[PDB]
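All remarks here apply to the structure that follows.
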DNA sequence: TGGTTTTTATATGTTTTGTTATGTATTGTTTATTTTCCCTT
DNA sequence: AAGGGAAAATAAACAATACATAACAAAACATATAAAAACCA
Ligand SMILES: Nc1ncnc2c1ncn2[C@@H]1O[C@H](COP(=O)(O)OP(=O)(O)OP(O)(O)=S)[C@@H](O)[C@H]1O
Ligand SMILES: [Mg+2]
């Protein structure tokens, strides 16, 4: 559909994630790196929403 | 030529010069004596102002009938010695007699609520001291009417004052430099004293307040011989517009005219009736024409308690002399049309104006008509108000959604289906009478009566294109809307 | 991506990019960002499958 | 009234009398001041004849990308003789920058006006029409050699006032920036001019992105009007690579036989040109120029690409070329093959004549990859009718030796993959005449990690300010400089280790504990001259006041850099952090 | 001096642009209650 | 391996702030004509 750049194309994808996922749940989805220092990761959404944002 | 981006084909420009008065004599010592100079101070302008009397003249006149009450209405006009402003005459006349006699300059500020005799008595001040100047006990002066609401632009007062002083037509930016050079630089031996009346000073100062400063600052000059009688409405108009340090520098007098009392209204109305009250006319019985001293010798007295209650009611509200002279003029033509209907004169023992003629003349300007208007609307228009009043007692929100009004009208015909009037009208209000028209969402003439109440001013409606969520206020009151709907027979039972 | 009207802002005349108050949002439909995600072999539907679909 | 407090003042600066020299070129003496002045001015003019020979062809190329595009749009704008004759021919220019002029025909007994509309010229529908009717009435009086209301009644009176029929062309410039409510209502407005029998409208849409984005914006009954005759013309500098292949071939013609291109450089060119798809050719030219600017500024051996300067060769040149890594591999090969020491010693610096006679041998080789890549690109063009290929990654895979592993994707070069085969050989001294980025200059000057260079200077700061040892014990604050950070660098590590929302007062106290209490008050007293400053230092409250003054100009400097939000105006007690390192 | 042309002052109209007020929608803040897995045992 | 229990999540009422647009102001852009002012002659 578009002739956008390869990083313009991932920057609309990240724009579509930021604008429909909520900011509260982002640490549960995207975090991958091991913890040197003790801490608890985000638990995620507990129940699904039936609005389809 | 070039291709223009837009056109102005109705420009009409005045033949007004651009150079001010400070650049046509090259020296203050070369300025001549301006009083003994032909085009200054209006010595040739008395020909063109009298041109327009001949335009409205026609030679036909066929014996117009002048009855008893026509002479009273002619004498109660506002255009026709004044009793109740004596200390205010003696304050304006004393302040202006001293400044003309001493070749000085001052400003007199006079305010008050509308209609209290202040434009009348300032003109009566300057007419007294024209007669004093014509007898040579004060020097000659020149008098300029400036009315702020008789101007198109606020800046036209500079043009009209400098035109009356000098006979020259300049633009306004050239007229204020012409006037400012005139008042501070031209010597006092060469000028004449000028009494300018800045009437209705509210209207000139609404946008930029640059105009009230100049006329008052010109009076502080030594060489200026300028008396500004500035008549406005409120008393704080100098201190709000100019400030506190400017209005203390000018040092003007400050008069307020209080509205008249009821005993002062009686000595205005009965003062304009001294030649006609308790007097004899000659009325012929076949045309109706009266002649002051086939024909009866009728006479005319007006009741003194009729003038009393016309004075007690007008002075208690505003106190102006116009509303009392035209509540007695209105009473004099109510009494005429009954005299005109009994005898049938038309147009070609004792007469009186009762207490009931003055009360009838006074009640019609104090009554409201939103009661009488809404009792005689349609059933559809009264059903719109009656549904709106039910919504303002379910919520009290006092602006109802217009789709909540539509569902209320439908619910009110829903519930009252046993009613004798509602069974026979609901056929003629959803299908409009006959078959072949479907049952519909709005009642018949819903767009007619919603626009009828918005045009009348009863109803306020906000601007939304969604015709259902739009909001609707009243503009009259909730009480006088309920008073009009508890009178109608069919709505108060349901 | 903002001059192409693919990222939107709050509408004020002469917004400044360089300000704390200015927030951003995407304006492309789902049917465009689905065509975008299959080009870079990114599975954006799994980020939205777990919220309601 | 200082000039520092004004906006936009003009200095007419004073120039000195004469600085005794014709040294006014920006090139410096290399080899740490061992290079002669005649080498510096030779390297200057040998730069400008290799720079101007590149831009005389690139300006020739860019003038062909418009002369082709004017003619390709004009074959397609004219002669589509429709028999229905009650619509407009629409030209969608896919991916076109709105910087192409359109020449219309002269074509007498007909007026051909071009009406161009930018989205700034289109706030609403009546402003699109009053500019369109002004642009045709002004351009018809220009060809003509009374006033008219500028509306679409000028279109019906056009034969009754000018005698010739009309053919107006609309050129919408940034149609991805216009709003589509206005452009929909203006096409519907122009639809009302199809009853006049002497006009024809032609729309041209410079759609920078996409056609699929446009048909979701217009209403459906307008697209049915735009489809009676439309033509999609793909307009890009990046289509088929045919103009990027000409600028890169024009570069390789200038540096043919005199400069080499490392594959670490070519794939950097290839990667950064993929991150910008709309404006490639200016960015392709920008990277080839700045690397060519970088070569002649930094290499003293830049004067040794024309053979007339080889007769100059000096001793410090002989000490610096022998550390070339291919040259050590050549001496290593002479160790391992030929046992005796003397022929290797005649190669090295103990024979003063032999090494400079060894370098004159290897300058004249053609180094034939530059002509062979032009040979492959022409042969793979006309034989196989292949259009869609980079010459840039063809040159990149040719440097490696992966040529036939790149040609197998077209599946039609199997009968020709043996005759086009070429293994490159490493010539000697090719590191001294080459373009490479192993230092990281092009991705620091042209494509810098902007914000990451800001947080690294804030956080680390030892790479920025010189830590000097002798001069500090003389100066006023050098006892303080070894124990105290600069305040923007000290406050940033307190900024970095903190959470999102931070109280200013707790952030003030945490800053204050990092500072040395005794040596700040010793530094504030070491000036004896300011009486007013020594009076602050006698107070018991001196360190607590100096720390706050020094805090709140750095908490101020972090706001207009954009690192700190003041959350919740009316409160002014706590701040939110904007910027994280590493992102 | 004298007519003629050119510029200026005064006057109004047109289009773009930037500011502010406000009603409604969004977002943060606090308190009670429930689920999840890290860190001690 | 079990389990405590604190972090994280949910919900709901309420307060505080942002946002979209209405209404308008003002500057840029534009034209017109009578009066000044050069200016040939
Ligand atoms: N004391 C009075 N004696 C006799 N007639 C009077 C008296 N006061 C007012 N009138 C009459 O009523 C009219 C009212 O005129 P004014 O009251 O002077 O106007 P006004 O005071 O300027 O009210 P404005 O214009 O609204 S501020 C006069 O023209 C007279 O006819
Ligand atoms: Mg009056």
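Chains as they are written, first to last, in PDB author numbering: chain A, 321 to 373; chain B, 355 to 434, 448 to 660, 676 to 730, 769 to 914; chain C, 427 to 479; chain D, 15 to 159, 179 to 616. All C-beta atoms, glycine included, are put in the ideal place defined by N, C-alpha and C.
- If one requires a minimum length of 4 residues, the alpha helix (DSSP H) runs lying completely within the region 448-496 of chain D are 475-478, 483-492, in chain order.
- Listed along chain D, the residues sitting closer than 8 angstroms to residue 431/C by beta-carbon distance are 209, 210.
- By a beta-carbon distance limit of 8 angstroms, residue 128/D contacts residue 204/D. Their separation comes to about 6 angstroms.
- In this structure, ligand 2 has no non-hydrogen atom nearer than 7 angstroms to the beta-carbon of residue 184/D.
- Residues of chain D whose Cβ lies closer than 7 angstroms to the Cβ of residue 324/A are, in chain order, 310.
- Counted as a single uninterrupted DSSP element, the alpha helix (DSSP H) harbouring residue 902/B occupies residues 899-905.
- At least one heavy atom of ligand 1 falls within 7 angstroms of the beta-carbon of residue 484/B.
- Of the candidates 551/B, 575/B, 619/B, the residue whose Cα lies closest to the Cα of residue 583/B is 619/B.
- Residues of the region 481-511 of chain D that bring their beta carbon within less than 8 angstroms of a beta carbon in chain B are absent altogether.
- Three or more pairs of CB atoms, one per stretch, sit closer than 8 angstroms, so the region 623-641 of chain B contacts the region 450-458 of chain B.
- One Cα belongs to residue 479/B, the other to residue 604/B, and the distance between them is close to 11 angstroms.
- By the Cβ-count criterion, residue 679/B is exposed, with fewer than 16 other Cβ atoms from all chains shown falling within 10 Å of its own Cβ.
- Neighbours of residue 327/A in chain D, taken as residues at a C-beta separation under 7 angstroms, are given in chain order as 308.
- Across the set 428/D, 82/D, 284/D, the C-alpha of 82/D shows the shortest separation from the C-alpha of residue 270/D.
- Excluding five sequence positions before and after residue 343/D, the CB atoms of its chain that fall closer than 8 angstroms to its own CB belong to 337, 392, 393, 396, given in chain order.
- The DSSP assignment places 840-845, 847-850, 866-875 as complete runs of the alpha helix (DSSP H) inside the region 834-880 of chain B, in order along the chain (cut-off: 4 residues).
- For the alpha helix (DSSP H) assignment, the uninterrupted runs of no fewer than 4 residues enclosed by the region 314-371 of chain D are, from N- to C-terminal side, 314-331, 348-354, 358-370.
- Inclusion of residue 872/B and residue 801/B in the CB contact set at 8 angstroms is warranted, their separation being smaller than that value.
- The shortest C-alpha to C-alpha distance from residue 911/B to any of 890/B, 391/B, 810/B is the one to 810/B.
- Counting every other CB atom within 10 Å of its CB across the protein chains shown gives residue 684/B a total of 16 or more, marking it as buried.
- Counted as a single uninterrupted DSSP element, the stretch harbouring residue 198/D is not any alpha helix (DSSP H), since DSSP gives it neither H nor E.
- Between residue 87/D and residue 75/D, the C-beta gap is not smaller than 8 angstroms, which leaves the two residues out of contact.
- The secondary-structure analysis by DSSP pairs residue 68/D with nothing; it has no beta-bridge partner.
- With the criterion set as a beta carbon lying under 7 angstroms from some beta carbon of chain D, the members of the region 355-367 of chain B are 357, 358, 359, 361, in sequence order.
- Your pair residue 526/D and residue 501/D does not check out as a contact, with CB atoms roughly 22 angstroms apart and the cut at 8 angstroms.
- From the listed residues 307/D, 333/D, 335/D, 302/D, the smallest Cα separation to residue 319/D is found for 302/D.
- Per the C-alpha coordinates, the member of 703/B, 863/B, 783/B positioned closest to residue 799/B is 863/B.
- Taken from the Cβ of residue 20/D, every heavy atom of ligand 1 lies 7 angstroms or farther away.
- Residues of chain C whose Cβ lies closer than 8 angstroms to the Cβ of residue 241/D are, in chain order, 430.
- Distances from the alpha-carbon of residue 443/D to those of 434/D, 459/D, 416/D, 455/D put 416/D closest.
- Short of 7 angstroms from the beta carbon of residue 479/D, and not among the five residues preceding or following it, lie these beta carbons of its own chain, in chain order: 319, 320, 323.
- With a threshold of 7 angstroms, the Cβ atom of residue 449/B counts as near ligand 1, since some heavy atom of the ligand is closer than that.
- Taking one beta carbon from each stretch, the region 526-535 of chain B and the region 509-516 of chain B have 3 or more pairs nearer than 8 angstroms; the two touch.
- Chain-order list of chain A residues neighbouring residue 273/D: empty, with the shortest C-beta distance near 13 angstroms, by a criterion of under 7 angstroms.
- Taking each of 293/D, 130/D, 482/D in turn and checking the Cα distance to residue 461/D, the smallest one comes out for 293/D.
- Assignment of residue 126/D by DSSP, reduced to helix, strand and coil, places it in the strand class.
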